[PDB]
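Structural overview for review
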Protein chains: 2
Amino acid sequence: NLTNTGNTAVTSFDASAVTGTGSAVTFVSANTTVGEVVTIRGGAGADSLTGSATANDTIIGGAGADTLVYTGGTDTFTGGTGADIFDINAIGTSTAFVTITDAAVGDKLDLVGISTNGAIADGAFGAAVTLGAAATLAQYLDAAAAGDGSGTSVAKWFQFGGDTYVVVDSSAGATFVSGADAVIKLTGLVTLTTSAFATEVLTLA
Amino acid sequence: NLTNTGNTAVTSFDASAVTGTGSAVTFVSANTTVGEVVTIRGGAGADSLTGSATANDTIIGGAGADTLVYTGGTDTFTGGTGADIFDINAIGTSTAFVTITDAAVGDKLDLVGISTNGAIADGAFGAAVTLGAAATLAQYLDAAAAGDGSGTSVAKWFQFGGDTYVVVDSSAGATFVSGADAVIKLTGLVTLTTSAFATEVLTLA
Ligand SMILES: [Ca+2]
Ligand SMILES: [Ca+2]
Ligand SMILES: [Ca+2]
Ligand SMILES: [Ca+2]
Ligand SMILES: [Ca+2]
Ligand SMILES: [Ca+2]
Ligand SMILES: [Ca+2]
Ligand SMILES: [Ca+2]
Ligand SMILES: [Ca+2]
Ligand SMILES: [Ca+2]
Ligand SMILES: [Ca+2]
Ligand SMILES: [Ca+2]
């Protein structure tokens, strides 16, 4: 567990070679260079890797129960093998958002930090939003955020262009507003039909 | 020296074949067709070529001490050999701005006409604005205009995507405002570290 405060030149953290059941690595980037490429690599342990709001973090856990934290910007997450938790603590934009490359059965998606108004669903909330043969990503977003999230934030999801997306609606109108509504990309078609919301924590089934 | 008033159909001025130490050509386009492509070519002389605010002027001096004038729109400047002066008399937008293709040691950049509030630096003002490995042009602009230009306009510069940019901040907030803040593109990496501001006139060192 490495305290990293004030080490702001760091653009590559590579703990990938580390080895035990639980040789657990903790790291938090102190980088504040706007628009930086930062690479964070975990090891065999149950690692805890946090990026920077400033940065386009590529975060990769190894084996084991990794926690990858989103803070802002265009981030690329890969928890390798094991029950990884993708802890989403920022809203992002419509362009600067987190892509999770390898979301699979067992991995979790912790949305506690985007419950702007209240606290998410809590059900098994799992019928995909379906739109027309030529609906745009913009359209699918607007469709997903159609409801009222002013008093209570809601989760929805869809599949566009070969990738899977999750949304948090925290707004009035049927516009997905870049500011307070949130999108999360997941590489590939992953069916979240049967998957359930723990507290505000989605466990993939 | 050709008086050109009222010759508004002119889209190609080609004085390129002209020959002496100082066979000096003066031209000013009278063209007012919105969104026109106008081509202005100088000769061996110390030429004085002005475009149109209306137009996307390609201006090219030959040999000798050419003065190329920016008035508005998407302009492409090439002062050839010699101590050329790129006289910037308009602010432009964030899309319609001047690109200077061949800025080199000896060429000048006359910014007297964009000193909206007061009069520029006057120092040798020369540390490049640096941002992250994947900072956007939008980000670099906002970064460059971060300061307060309300009482006194300030110059800054950066290098994005293989080209060099110069900025004049004439505004309050850290938004580069398209209207009153100004950007100038220079093809290639040109280091303006050591280069100095005359009056409001930057001489490349
Ligand atoms: Ca690991
Ligand atoms: Ca980040
Ligand atoms: Ca893992
Ligand atoms: Ca995994
Ligand atoms: Ca959280
Ligand atoms: Ca809404
Ligand atoms: Ca010439
Ligand atoms: Ca022009
Ligand atoms: Ca020339
Ligand atoms: Ca020259
Ligand atoms: Ca001037
Ligand atoms: Ca400003």
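Residues numbered from 1 in each chain as written, not as in the entry; some residues may be left out. Chains lettered and ligands numbered in written order. Part of a larger assembly, values for the part shown. Heavy atoms only, no water.

Determination of this PDB entry was carried out by X-ray crystallography to a resolution of 2.70 Å, according to the record.

Residues and elements named next belong to chain A. Taken together, seven strands build an open sheet; the order of strands is β2-β4-β6-β8-β10-β15-β14 and the sheet is mixed. Of all the strands in the sheet, just β2 (26–28) and β14 (196–197) have a single pairing partner and so form its edges. Pairing of β14 with strand β15 (residues 201–203), which is carried by two bridges, proceeds in the antiparallel orientation. Within β15, the residue paired with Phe197 across the bridge is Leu202. (Pairing = 2+ DSSP bridges. Helix = DSSP H or I, 4+ residues; strand = E, 2+ residues; numbered from the N terminus.)

A few words on the sheet that holds strand β5 (residues 55–60) of chain B. Residues and elements named next belong to chain B. Sheet architecture is open: eight strands sit in the order β1-β3-β5-β7-β9-β13-β12-β11, paired in mixed fashion. At either margin of the open sheet sits one strand with a lone partner, and together these are β1 (12–14) and β11 (154–160). Looking at each pair of strands side by side, their axes are set apart by 20° on average, direction ignored. Where β1 lies against strand β3 (residues 36–41), three bridges are found, and the strand directions are parallel. Each bridged residue has a counterpart across the sheet, and for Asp14 the counterpart in β3 is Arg41. Those strands touched by helix α1 (residues 137–144) are β11, β12 (163–169) and β13 (182–186), and its axis lies near 155° from that of β11. (Axes fitted to C-alpha atoms, helices over the stretch in contact; angles between N-to-C directions. Contact = heavy atoms within 4.5 Å.)

The next subject is helix α1 (residues 137–144) of chain A. Residues and elements named next belong to chain A. All buried positions along α1 are accounted for by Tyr140, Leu141 and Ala144. All buried residues of α1 fall inside an arc of 100° around its axis, so they share one side. Where α1 is buried, its residues touch β11 (154–160), β12 (163–169) and β13 (182–186). (Buried < 20%, exposed > 50% of the residue type's maximum accessible area, 1.4 Å probe, protein only. Arc of directions from axis to C-beta.)

All right, on to the relation of the copies chain A and chain B then. Turning chain A through 120° and shifting it by 1.3 Å along the axis lays it on chain B, with an RMSD of 0.2 Å. Put plainly, the chains are arranged around a three-fold axis. The position closest to the rotation axis in chain A is occupied by the C-alpha of A:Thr95, lying 12 Å away. (Least-squares fit on C-alpha atoms.)

Residue and element names in this part refer to chain A. Protein coordination of the calcium ion (ligand 6) is provided by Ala145 (O), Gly147 (O), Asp169 (OD), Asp169 (OD), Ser171 (O), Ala172 (O) and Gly173 (O), with donor distances spanning 2.4 to 2.9 Å. The motif formed by the donor residues of the calcium ion (ligand 6), counted along the single chain, is A-x1-G-x21-D-x1-S-A-G. Note that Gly147 is positioned in the loop between α1 and β11 and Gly173 in the loop between β12 and β13, a separation of 26 residues in sequence. We classify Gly173 as partly exposed; its relative accessible area is 40%. (Donors = N, O, S within 2.8 Å, 3.2 Å for Na, K, Ca; no water.)

By definition of the ideal shapes, a tetrahedral metal site with four donors has angles of 109.5 degrees and an octahedral site with six donors has angles of 90 or 180 degrees. Residue and element names in this part refer to chain B. Of the protein atoms, only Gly80 (O), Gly82 (O), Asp84 (OD), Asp107 (OD) and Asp107 (OD) coordinate the calcium ion (ligand 10), at distances of 2.3 to 3.0 Å. Expressed as a motif, the donor residue spacing for the calcium ion (ligand 10) is G-x1-G-x1-D-x22-D. In this model, the calcium ion (ligand 10) sits 5.0 Å from the calcium ion (ligand 9), the two metals being bridged by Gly80. Linking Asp84 in the loop between β7 (75–78) and β8 (85–88) with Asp107 in the loop between β9 (98–100) and β10 (108–110), this pair joins segments that are 23 residues apart in sequence. For the pair formed by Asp84 and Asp107, the shared burial category is buried.

Looking now at the packing of aromatic side chains. Residues and elements named next belong to chain A. Throughout the structure, instances matching the rule amount to 10 aromatic pairs over all chains. Here the aromatic rings of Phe158 and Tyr165 are separated by 5.1 Å at their centres, their planes lie at 10°, and the arrangement is stacked. Residue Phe158 is classed as buried on the basis of its relative accessible area of 0%. Aromatic ring contacts, followed pair by pair, group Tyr140, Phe158, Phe160 and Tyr165 into a single cluster. (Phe/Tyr/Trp six-rings, centres within 6.5 Å; stacked < 30°, edge-to-face > 60°.)

Positionally, B:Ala198 belongs in the loop between β14 (196–197) and β15 (201–203). Sequence separation of B:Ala198 and B:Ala104 is 94 residues, and the distance between their C-alpha atoms is 17 Å.

Let us look at the interface of chain A and chain B. Across the contact, six residues belong to chain A and six residues belong to chain B. Both sides of the chain A and chain B interface together cover about 420 Å² of buried area, and 63% of this is carbon and sulfur. Between chain A and chain B we count zero salt bridges in total. Our count for the contact surface shared by chain A and chain B stands at four residue pairs in polar contact. Partitioning the side of chain A that touches chain B into residue classes produces two nonpolar, three polar and one charged. (Buried area = accessible area lost by both parts, 1.4 Å probe. Salt bridge = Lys/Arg side-chain N within 4 Å of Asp/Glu carboxyl O. Polar contact = N/O pair within 3.5 Å; in protein donor to acceptor, adjacent residues only side chain to side chain. Nonpolar A, V, L, I, M, F, W, Y, C, P; charged D, E, K, R; others polar.)

With that settled, the discussion passes to the pattern of salt bridges. Residue and element names in this part refer to chain A. Inspection of the entire model under this criterion finds two salt bridges over all chains. Put simply, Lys185 and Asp163 hold a salt bridge, and the shortest N to O gap is 3.5 Å. Within this pair, whereas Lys185 is found in strand β13, its partner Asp163 is found in strand β12, the two being separated by 22 residues in sequence. Assessed through its relative accessible area of 21%, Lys185 is described here as partly exposed. Relative accessible area serves as the criterion here: at 17%, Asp163 is assigned to the buried category.

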